Amino acid sequence: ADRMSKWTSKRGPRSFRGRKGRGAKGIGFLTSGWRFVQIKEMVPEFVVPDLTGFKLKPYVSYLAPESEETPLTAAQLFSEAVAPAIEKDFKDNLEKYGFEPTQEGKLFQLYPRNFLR
Amino acid sequence: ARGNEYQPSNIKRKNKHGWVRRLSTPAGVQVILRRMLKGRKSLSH
Amino acid sequence: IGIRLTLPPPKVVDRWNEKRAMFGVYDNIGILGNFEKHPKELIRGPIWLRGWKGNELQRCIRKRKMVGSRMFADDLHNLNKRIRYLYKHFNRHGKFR
Amino acid sequence: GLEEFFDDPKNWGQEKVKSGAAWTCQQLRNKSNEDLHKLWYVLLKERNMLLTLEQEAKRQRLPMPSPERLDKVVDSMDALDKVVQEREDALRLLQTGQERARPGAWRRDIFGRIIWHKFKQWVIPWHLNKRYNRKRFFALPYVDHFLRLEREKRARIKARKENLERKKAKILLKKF
Amino acid sequence: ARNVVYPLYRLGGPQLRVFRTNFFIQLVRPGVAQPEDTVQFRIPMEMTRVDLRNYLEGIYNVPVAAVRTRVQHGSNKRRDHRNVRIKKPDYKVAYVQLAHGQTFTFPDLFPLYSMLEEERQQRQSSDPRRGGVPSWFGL
Amino acid sequence: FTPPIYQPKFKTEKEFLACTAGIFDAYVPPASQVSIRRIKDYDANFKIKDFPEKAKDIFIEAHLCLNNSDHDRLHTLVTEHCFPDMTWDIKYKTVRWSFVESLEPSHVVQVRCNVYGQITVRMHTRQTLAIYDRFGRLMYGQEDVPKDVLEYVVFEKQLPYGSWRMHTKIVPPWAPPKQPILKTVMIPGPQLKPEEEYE
Amino acid sequence: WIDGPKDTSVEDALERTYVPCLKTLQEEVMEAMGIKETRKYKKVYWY
RNA sequence: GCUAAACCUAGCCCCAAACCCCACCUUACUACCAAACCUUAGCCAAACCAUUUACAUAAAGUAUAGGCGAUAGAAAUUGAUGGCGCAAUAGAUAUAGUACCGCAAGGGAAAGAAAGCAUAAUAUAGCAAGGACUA
RNA sequence: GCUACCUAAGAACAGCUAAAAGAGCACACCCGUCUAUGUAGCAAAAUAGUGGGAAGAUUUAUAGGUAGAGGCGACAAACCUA
RNA sequence: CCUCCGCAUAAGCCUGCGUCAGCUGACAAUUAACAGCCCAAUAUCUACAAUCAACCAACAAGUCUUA
Ligand SMILES: [Mg+2]
Ligand SMILES: [Mg+2]
Ligand SMILES: [Mg+2]
Ligand SMILES: [Mg+2]
Ligand SMILES: [Mg+2]
Ligand SMILES: [Mg+2]
Ligand SMILES: [Mg+2]
Ligand SMILES: [Mg+2]
Ligand SMILES: [Mg+2]
Ligand SMILES: [Mg+2]
Ligand SMILES: [Mg+2]
C-alpha cells in the first residue's frame with residue numbers, strides 16, 4: 001500500500017527478497033544446486049601502490065602560490081605530447097608518434113571504455 | 001464482516017498495478033502519461 | 001470583525017505621469033489626419049477583439065475563430081465547452097422570447 | 001594496520017586540528033599519473049579516517065574536531081578525479097574523437113520523450129536479446145496529445161515565471 | 001568502485017582491476033559487545049564482502065580472517081513539518097574478524113566570554129535585607 | 001444503506017565590546033604618570049586639571065536621566081558593564097534623585113590602562129533620594145532631607161569615538177551603612193527536609 | 001604558517017612530475033607497478 | 001480578560017511578444033542470454049421520440065437544407081508589453097499534485113503575517129418587546 | 001488482494017463408534033438455526049449461549065483467469081473492493 | 001487470579017515500548033549454516049498409484065530421464 005517508499009529487497013515475499021539486490025556488482029554465477037561459482041576475474045582487484053617514500057600528503061601548505069586554472073584540452077595535450085616529435089620529424093604512418101587507428105587490441109580501450117575509473 | 005477487502009500481497013500488487021503491466025498495453029501507457037502530466041510522484045504501484 | 005483595524009498604507013496617484021498626461025492623444029487621428037488611420041487601430045489588446053465588441057458568446061466565437069488554432073489544448077477545450085454552454089443559455093433560457 | 005583509521009593518538013581529544021589546504025586542480029595537473037595514483041590512496045586513507053572521526057563524534061554526541069578537513073579532503077579527491085578525467089577525455093578525443101566514454105544514442109522512449117539512452121554491455125547481439133527487444137524505443141500516435149499537453153504545461157510555467165519577474169521589476173522601480 | 005559501469009567479463013578475459021577505488025568506509029564502535037577480534041565497519045551499499053576483504057588487505061594490509069555483512073534499514077518513520085516521511089539512509093554494516101589471533105579494541109577518542117564570566121562573578125546579588133531596594137545608590 | 005463519509009485526517013491531526021570586566025587594579029582607600037602618558041598618546045587632547053568637572057557633570061546628568069528613565073541617554077552616559085546595575089533594580093519604580101551643591105571639589109585618584117581607559121575620581125557630594133513603588137508609595141529615603149555621599153567612581157573609555165562613562169563605583173569595606181529601609185523584612189531559616197532536623 | 005605532519009612542502013606540491021603522454025593512468029600505473037596482463041579483453045555488444 | 005480579531009505580499013489571472021556519474025519496460029529505477037493504423041457515441045433540443053439538433057468585416061442569417069420543424073446554413077465577391085485583474089475562503093488545485101483517501105484508474109487539501117465565555121447564576125407572568133414609569 | 005466460478009500446484013481434518021461410507025457422535029476447522037445483548041455498537045453485521053456440517057459436492061493458504069449489457073451464478077436479480 | 005493460549009514459519013508491515021536527553025531528537029541495531037536467488041545442451045527415456053504397502057479393499061485411476 002506504500003507507494004512512496006522505495007522498493008528494496010526487504011519488502012516482497014521470500015522470492016522477491018532473494019531476487020532483488022542492493023547494487024553490488026556480480027562476482028560469479030549459479031550452477032545446479034544453487035552452488036555459487038565465484039569467478040576470480042570478475043572480482044575487482046585493488047591496484048594499490050607502494051606509498052613508502054611518497055612525499056605528497058592529503059593537504060597542501062597554504063604557503064603554496066595561487067595559480068590560474070587551465071583545464072587540459074585535446075589541443076593542449078597534442079601540443080605537449082605529439083607536436084615536438086612531429087616537428088622534429090617533419091623538419092628532417094602516425095603510429096610512430098602515438099596515434100592508434102583503432103582501440104581494438106588494447107587492454108585499456110578508450111572507447112567504449114573497458115576499464116574501471 | 002466487511003471492510004477488510006484489501007489482503008495485501010506484493011506479488012499481486014506488482015502483477016496488477018506495476019510499471020511493467022502498465023506499459024504492457026497502450027491504455028496503461030496512457031495511464032502513466034496522465035499521471036506524469038498531473039505530476040504524480042508515484043506513477044505506478 | 002470584518003473590518004481592518006489600521007488605516008491602509010496611503011495610496012499616492014501621479015495624475016501627471018506620462019500615461020495619464022498623454023492619454024487620449026490621437027483619438028482623433030482619423031478626422032484630423034485625412035482618415036489615413038481609423039481610431040480603432042490605436043487599440044492595443046487581444047487580436048480577436050481589437051476594434052470590436054460583443055457579448056460573451058460572440059466574444060468566444062470570435063476568439064475560437066481567430067486564434068483557436070493557436071490556443072492551448074485545454075484552453076481550447078474550455079472555450080468549446082463555454083461556447084456550447086453559452087449557446088444553450090442564450091438560446092433556451094431567459095425571461096423573454 | 002587499523003590504526004590508520006584514526007588520527008595520530010596525540011590529536012585525540014584536541015578541540016582543533018591544524019590542517020593544510022585542499023589540493024587544487026591546477027596543482028594536481030602538474031603531477032604524474034603515478035603520483036596521482038599514489039595521492040589518491042593517501043587521500044582515501046585520510047578520508048576514511050575523517051569519516052571515522054565524524055561517526056565517532058556523532059556517537060559520542062561531541063563536536064567533530066576541525067570538521068573542515070573532511071571537506072578539504074573531499075575537494076582534493078574531487079579535484080584529483082577531475083584531473084584524471086580530463087586527461088582521459090583528452091586522450092579519448094585525440095585517439096577516437098569521442099566526447100563521451102560510454103556509448104549512447106538519442107532515442108524516443110515509449111512516452112515520446114527524447115532521452116540519451118546509455119548503452120549496456122551484452123554478450124549477445126541486440127536482435128537476439130529478448131529482454132532488450134521487449135523495451136520499446138518508439139512512441140505510438142496516442143502519445144502526441146500528451147506531448148502537446150506537457151509542452152503547454154511547460155509553456156504555462158514559463159509564462160508565469162516571466163510575468164512574475166517583470167512585475168517584481170516594476171514594483172522595484174516604483175519603490176526606487 | 002561505485003557508480004561506474006563494470007567492464008563485462010567473458011571467459012578467458014583479463015582480470016578486472018580498479019586503480020582509484022571509489023569505496024570509502026568508516027570504522028565504527030560496535031553498539032553491542034563484540035569479540036576482541038571483530039572490527040565493525042560502515043560500508044557503501046555496493047561493496048561486497050570480497051571487496052571489503054581485498055580493500056582492507058591491500059590498502060591497510062590488515063590480515064582479515066572473515067567478513068560478514070548486513071543491510072541496516074534506516075528509519076522512514078520521521079516526518080518533517082509537511083508530514084512527508086524523512087528517510088534515514090540505509091547502510092551496510094560489515095563485521096571483520098582479524099586473522100592470526102590479532103586483537104582490536106576501538107580507541108578512546110575524545111578522552112567576550114571572559115567578560116561574561118567575570119561579570120557573573122561580580123553579579124552582586126541583592127541582599128535580603130535590601131528588600132528589593134536598589135543597592136547601587138550610595139546613600 | 002448509505003456509506004459513512006470520513007473527514008480528512010489533517011483536520012484532526014493538527015498540533016501546536018566597549019567595556020571591561022570589573023577593575024584592572026582596584027583602588028583601596030584609607031606614580032600613574034605612565035598611564036597618563038599612555039592615554040595622552042592615544043587621545044591627543046586631555047586635561048587632568050579639568051577632567052573632574054566633566055566627570056561630575058556626566059555623573060549628575062546620568063543620575064538625573066535615571067529620574068525619567070532616559071535609557072537612550074543613559075546608554076551613552078554609562079558603560080554597558082554598569083547599565084544593568086543602573087537600570088535593572090530601578091525598573092517599575094519611580095526615583096526622585098536630585099543633586100545639591102557639593103561639599104569638596106572633585107579630584108582624580110589614579111589612572112591605569114583593545115585598550116581601555118580607566119580613571120578613578122573621588123567625590124564627597126550631597127544628594128537626595130526618594131525611591132517609590134509601582135504604586136507611588138515611598139520605600140527608601142526622604143525626598144527633602146539630603147544626605148552626604150562619598151563615592152569612588154571609576155570611568156572607562158574606549159580607545160576611538162567612545163567617551164568617559166561611569167564604569168563602576170568602588171564601595172570600601174569601611175564605608176558607613178546605607179540608609180535603613182522603611183519596611184520590615186523576614187529572612188527564612190534553612191528549610192528542613194522530612195528526614196532533617198533543626199540544629 | 002607552519003606545515004603540519006600531513007601538509008606537503010611547497011616544493012613537493014609544486015614539483016612538476018607530469019610528463020604529457022598518450023597513456024591512460026591505468027596503463028601507465030600498470031607499467032609502473034609491473035602488473036602483467038596477457039589476456040585480451042573479449043569484445044562485447046553495446047546497446 | 002480570555003478566545004479571538006485584524007494585516008500584505010507569497011503568488012496567481014488575462015493579454016502582447018517570442019515558436020518551446022550510476023539505475024530504470026524483469027516485480028521500473030534491477031551491471032551481464034537465442035510488435036500500431038480502423039465512422040465516436042450519447043447527454044441534450046425538438047417541450048415525449050423514432051429522421052433531425054447536439055463533437056477579420058460584409059455578402060448573410062441571404063441562397064439553400066429540414067418529422068420543410070426544432071433548427072442547420074454557404075459560396076461567388078470584399079480585403080484585414082500592458083491591466084477601471086485577484087490579494088491568502090480571492091487569484092492557479094497548488095506552500096503541492098504534496099499530505100491524505102482509493103486495490104487501481106482516480107480524488108485531492110489546509111495553512112503565513114464576531115460568536116463563545118469570564119468579570120457578574122437565579123425571582124411569580126409567558127415571541128421576551130413596546131407604551132411607559134420615580135422605579 | 002472482497003466475492004462468484006474456474007486453472008495450477010499445496011495443506012488440514014483429534015478422540016470414540018464403525019469399516020473402505022457425499023456413515024454416526026464429537027474437537028480443530030467451516031457455517032450461521034434460535035434466543036438475548038449491541039443498534040454512532042467491540043463491530044458500516046459484532047458478542048454470549050444454542051445449533052448445522054465436520055474424509056467431503058469439505059475447508060483452506062499461494063499464484064493465475066473470466067470485466068460491465070459484460071463476467072460469474074447448485075437462479076437468491078446472488079456476487080463482481082462495505 | 002485468568003487464557004485455544006503460547007513459541008516459530010509464511011504472508012503482511014517497515015524500525016513502530018533498545019539506550020540516551022528533552023511524544024520529540026540523537027544514538028545504536030538484524031552478521032548464514034536457515035531461507036531466497038539455480039541448473040549447458042541435443043535428443044532418446046520414462047504402462048505397473050497411494051493408503052505403515054505386506055495381505056486385504058477398490059475406483060474417482062492418482063508429480064513423474066540417462067548416452
Ligand atoms: Mg483471500
Ligand atoms: Mg546476510
Ligand atoms: Mg427532447
Ligand atoms: Mg468567402
Ligand atoms: Mg487558495
Ligand atoms: Mg464578544
Ligand atoms: Mg477423524
Ligand atoms: Mg459424515
Ligand atoms: Mg455456489
Ligand atoms: Mg426465483
Ligand atoms: Mg424475485
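Below, read A as the first sequence line, B as the second, and so on, with proteins coming before strands; counting in each chain starts at 1.
In this entry the base of J:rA41 is anti relative to its sugar, with a glycosidic angle more than 90° from 0.
For C:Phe90 and C:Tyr85, the distance between ring centers is not under 6.0 angstrom. Taking the six-membered ring wherever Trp is involved, the centroid distance between the rings of C:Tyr87 and C:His89 does not fall below 6.0 Å. Aromatic pair A:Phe29/A:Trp34: centroids not less than 6.0 angstrom apart.
Residue side chain B:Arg13 does not reach the base of H:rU27 through any donor-acceptor N/O pair under 3.5 Å, judged by distance alone. The base of J:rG36 does not come close enough to the side chain of A:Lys20 for any donor and acceptor atom to sit less than 3.5 Å apart. In terms of polar N and O atoms assigned as donor or acceptor, the side chain of D:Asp109 never comes within less than 3.5 Å of the base of H:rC24 in a complementary pairing. Looking at B:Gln7, its side chain has no donor and acceptor atom pair within 3.5 Å of the base of I:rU81.
Among the heavy atoms of the strands lying under 4.0 Å from A:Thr31 is at least one base atom, whether or not backbone atoms are also near. Within 4.0 Å of B:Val31, counting heavy atoms only, lie sugar-phosphate atoms of the nucleic acid but no base atom. Within 4.0 Å (heavy atoms only), A:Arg117 reaches no atom of the nucleic acid at all. Contacts of C:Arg92 with the nucleic acid, taken as non-hydrogen atoms under 4.0 Å apart, involve only primed sugar atoms and P, OP1 or OP2. Among the heavy atoms of the strands lying under 4.0 Å from A:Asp2 are primed sugar atoms or P, OP1, OP2 only; no base atom is included.
Contact annotation: A:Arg3 reaches the phosphate of H:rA104 (side-chain N/O to OP1 or OP2, under 4.0 Å). Taking side-chain N and O atoms only, C:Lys88 has no distance below 4.0 Å to OP1 or OP2 of H:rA54. Between D:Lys120 and H:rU30 there is no side-chain polar atom (N or O) within less than 4.0 angstrom of OP1 or OP2. For F:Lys9, no side-chain nitrogen or oxygen approaches OP1 or OP2 of H:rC100 to under 4.0 Å. Residue E:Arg79 places at least one side-chain N or O under 4.0 Å from the OP1 or OP2 atom of H:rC100. Taking side-chain N and O atoms only, D:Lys158 has no distance below 4.0 Å to OP1 or OP2 of H:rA18. For B:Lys14, no side-chain nitrogen or oxygen approaches OP1 or OP2 of H:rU26 to under 4.0 Å. Between E:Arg78 and J:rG16 there is no side-chain N or O to OP1 or OP2 distance below 4.0 Å. Checking the phosphate oxygens (OP1, OP2) of H:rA105, a side-chain nitrogen or oxygen of B:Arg35 falls inside 4.0 Å. The side chain of B:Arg34 places an N or O atom within less than 4.0 Å of a non-bridging phosphate oxygen (OP1 or OP2) of H:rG106.
Side chain of G:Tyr41 to main chain of E:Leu8: a donor-acceptor pair is present (N/O by atom type, distance under 3.5 Å, no hydrogens or angles).
If you check I:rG38 for Watson-Crick or wobble pairing at under 3.5 angstrom, you find it has no partner at all. For H:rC33, there is no paired base (Watson-Crick or G-U wobble, both distances below 3.5 Å). The pairing partner recorded for H:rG126 is none, the criterion being a Watson-Crick or G-U wobble arrangement whose two distances lie under 3.5 angstrom. The partner of J:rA57 is J:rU51, judged by Watson-Crick or G-U wobble contacts that both fall below 3.5 Å. Pairing of H:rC86, defined by two Watson-Crick or G-U wobble distances under 3.5 Å, is identified with H:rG11. Figure legend. I:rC29 is base-paired to I:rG53; pairs are counted as Watson-Crick or G-U wobble with both atom distances under 3.5 Å. In a base pair of the Watson-Crick type (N1 to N3 plus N6-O4 or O6-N4) or a G-U wobble (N1-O2 and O6-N3), with each distance short of 3.5 Å, J:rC20 is matched with J:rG25. The partner of H:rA72 is H:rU64, by the rule that a Watson-Crick or G-U pair needs both atom distances under 3.5 Å.
Ring-plane geometry between E:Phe24 and D:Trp40 is classed as tilted, the angle between the planes lying from 30 to 60 degrees on a 0 to 90 degree scale.
Judged by centroid separation below 5.5 Å and plane tilt below 30°, E:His73 stacks onto the base of J:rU15. Taking a centre distance below 5.5 Å and an interplanar angle below 30 degrees as the stacking criterion, F:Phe10 does not stack against the six-membered base ring of H:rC100.
C:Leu79 contributes atom CG, which lies 11.5 Å from atom CG of C:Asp74 (distance to the nearest 0.5 angstrom).
Judged on ring centres (limit 5.5 Å) and ring planes (limit 30°), I:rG22 and I:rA23 do not form a stacked step.
Judged by the 3.5 Å cutoff on both pairing distances, H:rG1 and H:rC117 qualify as a Watson-Crick or G-U wobble pair.
For H:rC33, classification of the furanose by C1'-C2'-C3'-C4' yields a south pucker, on the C2'-endo side.
Other residues, nucleotides and ligands place no more than 12 heavy atoms under 6.0 Å from the CD atom of C:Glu18.
In terms of position along RNA chain I, the nucleotide closest to F:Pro3 lies nearer the 5' end than the nucleotide closest to the other residue of the pair F:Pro3 and B:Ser9.
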